[PDB]
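Inspection log for the structure reproduced underneath, given as structure tokens.
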Amino acid sequence: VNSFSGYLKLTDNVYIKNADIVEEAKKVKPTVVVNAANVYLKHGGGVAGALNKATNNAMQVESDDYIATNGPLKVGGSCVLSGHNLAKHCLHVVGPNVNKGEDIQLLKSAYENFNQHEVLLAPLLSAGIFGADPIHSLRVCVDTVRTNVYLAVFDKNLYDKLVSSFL
Ligand SMILES: O=C(O)C[C@@H](NC(=O)c1ncnc2[nH]ccc12)c1ccccc1F
């Protein structure tokens, strides 16, 4: 039992809510919040810009040190950093950005990173300004992630569309 509230059950292990991931994180303080990162951990907009803003830019400062030491992530890859005031840990996951021309095929690899964590609060990878088909991303999520994932979808119209079209 956990303290995630008001989520619609999609499958055995995947739940979904129309919510701001920042506010969900502030309430639940999950062990892991997922960031929809890019390979440089430059947290500008969407999920990443919002999470980073909520940390007062501490996420960005930490991320810049990570990149200076380790170099960029891979598309489809991830790293574990602090969750700051939002969660114990932040799992920065790089889904493909279709608006950068990146291969949507890498989305499954991106979701596989979630399987290293028993429970996660996460956005829908590659959706929104990452330019992928969100119905497809939700399908890949449910068909790839085996651990317990609580999805926070920001856009109300998108949430309604995702629920109404989910198989
Ligand atoms: O609408 C959506 O769910 C899709 C969108 N999600 C969010 O940006 C988002 N999601 C939850 N909480 C949030 N709080 C502030 C922003 C935010 C999205 C997902 C992945 C990458 C980019 C992107 F734009």
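Just remember, in the structure tokens the first chain shown is A, the second B, etc., residues are 1-based per chain, and ligands are 1-based in the order shown.
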Neighbours of ligand 1 at 9 Å or closer, counting only C-alpha atoms and all ligand atoms: which residues, as a ChimeraX atom specification?
/A:18-24,35-37,45-51,95,97,122-131,134,151-159
Residues near range 57-59 of chain A, anyone? I mean within 10 Å using only C-alpha atoms, not counting same-chain ones fewer than 3 positions away, as a VMD selection string.
chain A and resid 41 to 43 48 to 49 51 to 54 62 to 64 81 to 85 90
Put those residues in a file: C-alpha atoms, as a JSON list (two decimals), in the first residue's frame.
[["chain", "number", "residue", "atom", "x", "y", "z"],
["A", 41, "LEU", "CA", 20.59, 17.16, -18.55],
["A", 42, "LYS", "CA", 19.67, 20.70, -19.61],
["A", 43, "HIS", "CA", 16.33, 21.12, -17.86],
["A", 48, "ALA", "CA", 12.39, 18.81, -16.78],
["A", 49, "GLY", "CA", 11.99, 22.57, -16.67],
["A", 51, "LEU", "CA", 10.93, 19.78, -11.85],
["A", 52, "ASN", "CA", 14.09, 21.86, -11.93],
["A", 53, "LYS", "CA", 12.21, 25.09, -11.17],
["A", 54, "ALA", "CA", 10.57, 23.38, -8.18],
["A", 62, "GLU", "CA", 23.78, 18.85, -9.63],
["A", 63, "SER", "CA", 23.19, 17.83, -13.25],
["A", 64, "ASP", "CA", 25.94, 20.13, -14.55],
["A", 81, "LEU", "CA", 20.52, 11.68, -9.08],
["A", 82, "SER", "CA", 19.02, 13.37, -6.02],
["A", 83, "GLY", "CA", 15.30, 14.06, -5.81],
["A", 84, "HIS", "CA", 16.05, 17.22, -3.82],
["A", 85, "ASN", "CA", 12.87, 18.49, -2.11],
["A", 90, "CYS", "CA", 15.29, 11.48, -9.48]]
Hey, which of A:107, A:87, A:8, A:141 ends up closest to residue 32 in chain A? Count only C-alpha atoms.
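That would be A:87, the residue with the smallest distance to residue 32 in chain A.
Using only C-alpha atoms, the smallest distance between any of A:110, A:86, A:34, A:149 and residue 10 in chain A comes from A:149.
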I need the residues of range 4-97 of chain A that end up classed as helix (DSSP H, G or I) by DSSP on the backbone, written out as an MDAnalysis selection string.
chainID A and resid 21:28 46:54 58:70
Keeping N, CA, C and O atoms, export the residues of the selection given above as a CSV table (one decimal), in the first residue's frame.
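See result11.csv below for the written result:
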chain,number,residue,atom,x,y,z
A,21,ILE,N,3.1,16.7,-11.9
A,21,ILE,CA,4.1,15.8,-11.3
A,21,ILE,C,4.8,16.4,-10.1
A,21,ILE,O,5.1,15.8,-9.1
A,22,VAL,N,5.0,17.8,-10.2
A,22,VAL,CA,5.6,18.5,-9.1
A,22,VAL,C,4.7,18.4,-7.8
A,22,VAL,O,5.2,18.2,-6.7
A,23,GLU,N,3.4,18.6,-8.0
A,23,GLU,CA,2.5,18.6,-6.8
A,23,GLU,C,2.4,17.2,-6.3
A,23,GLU,O,2.3,17.0,-5.1
A,24,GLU,N,2.3,16.2,-7.2
A,24,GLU,CA,2.3,14.8,-6.7
A,24,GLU,C,3.5,14.5,-5.9
A,24,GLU,O,3.4,13.9,-4.9
A,25,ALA,N,4.7,14.9,-6.4
A,25,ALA,CA,5.9,14.6,-5.7
A,25,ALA,C,5.9,15.3,-4.4
A,25,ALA,O,6.3,14.7,-3.3
A,26,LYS,N,5.5,16.6,-4.3
A,26,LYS,CA,5.5,17.3,-3.0
A,26,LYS,C,4.7,16.6,-2.0
A,26,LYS,O,5.0,16.6,-0.8
A,27,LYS,N,3.6,16.0,-2.4
A,27,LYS,CA,2.6,15.3,-1.5
A,27,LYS,C,3.2,13.9,-1.1
A,27,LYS,O,3.2,13.6,0.1
A,28,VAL,N,3.6,13.1,-2.0
A,28,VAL,CA,3.9,11.7,-1.8
A,28,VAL,C,5.4,11.6,-1.3
A,28,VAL,O,5.7,10.6,-0.5
A,46,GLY,N,8.9,21.6,-20.3
A,46,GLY,CA,8.2,20.4,-20.0
A,46,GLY,C,8.4,19.9,-18.6
A,46,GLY,O,8.6,20.7,-17.7
A,47,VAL,N,8.5,18.6,-18.5
A,47,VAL,CA,8.7,18.0,-17.1
A,47,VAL,C,10.0,18.5,-16.5
A,47,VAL,O,10.0,18.9,-15.4
A,48,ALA,N,11.1,18.5,-17.3
A,48,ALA,CA,12.4,18.8,-16.8
A,48,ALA,C,12.5,20.2,-16.3
A,48,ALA,O,13.0,20.5,-15.2
A,49,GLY,N,12.0,21.2,-17.1
A,49,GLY,CA,12.0,22.6,-16.7
A,49,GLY,C,11.2,22.8,-15.4
A,49,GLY,O,11.5,23.5,-14.5
A,50,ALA,N,10.0,22.1,-15.3
A,50,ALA,CA,9.1,22.2,-14.2
A,50,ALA,C,9.8,21.6,-12.9
A,50,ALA,O,9.7,22.2,-11.8
A,51,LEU,N,10.3,20.4,-13.0
A,51,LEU,CA,10.9,19.8,-11.8
A,51,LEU,C,12.1,20.7,-11.4
A,51,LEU,O,12.2,21.0,-10.2
A,52,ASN,N,12.9,21.1,-12.3
A,52,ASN,CA,14.1,21.9,-11.9
A,52,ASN,C,13.7,23.2,-11.2
A,52,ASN,O,14.3,23.5,-10.2
A,53,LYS,N,12.7,23.9,-11.8
A,53,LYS,CA,12.2,25.1,-11.2
A,53,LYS,C,11.8,24.8,-9.7
A,53,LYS,O,12.0,25.6,-8.8
A,54,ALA,N,11.1,23.7,-9.5
A,54,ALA,CA,10.6,23.4,-8.2
A,54,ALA,C,11.7,23.1,-7.2
A,54,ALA,O,11.5,23.2,-6.0
A,58,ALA,N,18.5,23.6,-8.0
A,58,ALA,CA,19.5,22.7,-7.5
A,58,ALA,C,19.6,21.5,-8.4
A,58,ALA,O,20.7,20.9,-8.5
A,59,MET,N,18.5,21.0,-9.0
A,59,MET,CA,18.6,19.9,-10.0
A,59,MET,C,19.6,20.2,-11.1
A,59,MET,O,20.4,19.4,-11.5
A,60,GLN,N,19.5,21.4,-11.6
A,60,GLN,CA,20.4,21.8,-12.7
A,60,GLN,C,21.9,21.9,-12.2
A,60,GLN,O,22.8,21.4,-13.0
A,61,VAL,N,22.1,22.4,-11.1
A,61,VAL,CA,23.5,22.5,-10.6
A,61,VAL,C,24.1,21.1,-10.4
A,61,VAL,O,25.2,20.9,-10.8
A,62,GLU,N,23.3,20.2,-9.8
A,62,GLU,CA,23.8,18.9,-9.6
A,62,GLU,C,24.0,18.2,-11.0
A,62,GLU,O,25.0,17.5,-11.2
A,63,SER,N,23.1,18.4,-11.9
A,63,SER,CA,23.2,17.8,-13.2
A,63,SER,C,24.4,18.3,-14.0
A,63,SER,O,25.1,17.5,-14.7
A,64,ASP,N,24.8,19.6,-13.9
A,64,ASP,CA,25.9,20.1,-14.5
A,64,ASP,C,27.2,19.5,-14.0
A,64,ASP,O,28.1,19.1,-14.8
A,65,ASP,N,27.3,19.2,-12.7
A,65,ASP,CA,28.4,18.5,-12.2
A,65,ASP,C,28.4,17.0,-12.7
A,65,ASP,O,29.5,16.5,-13.1
A,66,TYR,N,27.3,16.4,-12.8
A,66,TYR,CA,27.2,15.0,-13.3
A,66,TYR,C,27.8,15.0,-14.8
A,66,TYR,O,28.6,14.1,-15.1
A,67,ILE,N,27.3,15.9,-15.6
A,67,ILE,CA,27.8,15.9,-17.0
A,67,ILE,C,29.3,16.2,-17.1
A,67,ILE,O,30.0,15.7,-17.9
A,68,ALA,N,29.8,17.2,-16.3
A,68,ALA,CA,31.2,17.5,-16.3
A,68,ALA,C,32.0,16.3,-16.0
A,68,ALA,O,33.1,16.2,-16.5
A,69,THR,N,31.5,15.4,-15.1
A,69,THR,CA,32.3,14.3,-14.7
A,69,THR,C,32.1,13.1,-15.7
A,69,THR,O,33.1,12.4,-16.0
A,70,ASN,N,30.9,12.9,-16.2
A,70,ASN,CA,30.6,11.6,-16.9
A,70,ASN,C,30.3,11.8,-18.3
A,70,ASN,O,30.2,10.8,-19.0
Please identify which residues in range 28-91 of chain A DSSP calls strand (DSSP E or B) from the backbone, and express them as a VMD selection string.
chain A and resid 32 to 36 78 to 82 89 to 91
Keeping C-alpha atoms, export the residues of the selection given above as a PDB file, in the first residue's frame.
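Saved file again_1.pdb follows:
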ATOM      1  CA  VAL A  32      11.774   7.855  -7.267  1.00  0.00           C
ATOM      2  CA  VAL A  33      10.425  10.648  -9.473  1.00  0.00           C
ATOM      3  CA  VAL A  34      11.232  10.294 -13.170  1.00  0.00           C
ATOM      4  CA  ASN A  35      12.438  13.276 -15.167  1.00  0.00           C
ATOM      5  CA  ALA A  36      11.896  13.403 -18.933  1.00  0.00           C
ATOM      6  CA  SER A  78      19.235   7.147 -17.622  1.00  0.00           C
ATOM      7  CA  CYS A  79      21.031   8.163 -14.468  1.00  0.00           C
ATOM      8  CA  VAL A  80      20.001   8.336 -10.808  1.00  0.00           C
ATOM      9  CA  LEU A  81      20.517  11.683  -9.076  1.00  0.00           C
ATOM     10  CA  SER A  82      19.016  13.366  -6.016  1.00  0.00           C
ATOM     11  CA  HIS A  89      15.874  10.126  -5.992  1.00  0.00           C
ATOM     12  CA  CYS A  90      15.286  11.479  -9.476  1.00  0.00           C
ATOM     13  CA  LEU A  91      15.664   8.975 -12.318  1.00  0.00           C
TER      14      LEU A  91
END
Just checking: using only C-alpha atoms, which residue out of A:44, A:93, A:38, A:139 ends up closest to residue 116 in chain A?
A:93
Hey, which of A:3, A:137, A:144, A:99 ends up closest to residue 112 in chain A? Count only C-alpha atoms.
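Answer, going by the shortest atom-to-atom distance: A:144.
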Distance of CA of residue 105 in chain A from CA of residue 76 in chain A, expressed in Å to one decimal place:
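So the two atoms, CA of residue 76 in chain A and CA of residue 105 in chain A, lie 9.3 Å apart.
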Using only C-alpha atoms, determine which residues lie at most 8 Å from residue 148 in chain A, disregarding the query and same-chain residues fewer than 4 positions distant; provide the list as a ChimeraX atom specification.
/A:13-14,118-120
For each of A:17, A:11, A:160, A:39, take the minimum atom-to-atom distance to residue 121 in chain A, counting only C-alpha atoms, then give the residue where this is smallest.
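Comparing A:17, A:11, A:160, A:39 against residue 121 in chain A, the winner is A:17.
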For a test of reading the model, state the distance in Å between CA of residue 94 in chain A and CA of residue 136 in chain A, rounded to one decimal.
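Rounded to one decimal, the two atoms are 16.5 Å apart.
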Name the residues in contact with residue 145 in chain A at a cut-off of 8 Å, using only C-alpha atoms, excluding same-chain residues fewer than 5 positions from it; report them as a PyMOL selection string.
chain A and resi 111-112+114-115
With C-alpha atoms retained, export the selected residues as a PDB file, in the first residue's frame.
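This went into again-v2.pdb:
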ATOM      1  CA  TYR A 111      11.061   2.668 -20.396  1.00  0.00           C
ATOM      2  CA  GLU A 112      13.245  -0.340 -19.513  1.00  0.00           C
ATOM      3  CA  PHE A 114      11.949   2.011 -14.945  1.00  0.00           C
ATOM      4  CA  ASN A 115      12.324  -1.731 -14.220  1.00  0.00           C
TER       5      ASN A 115
END
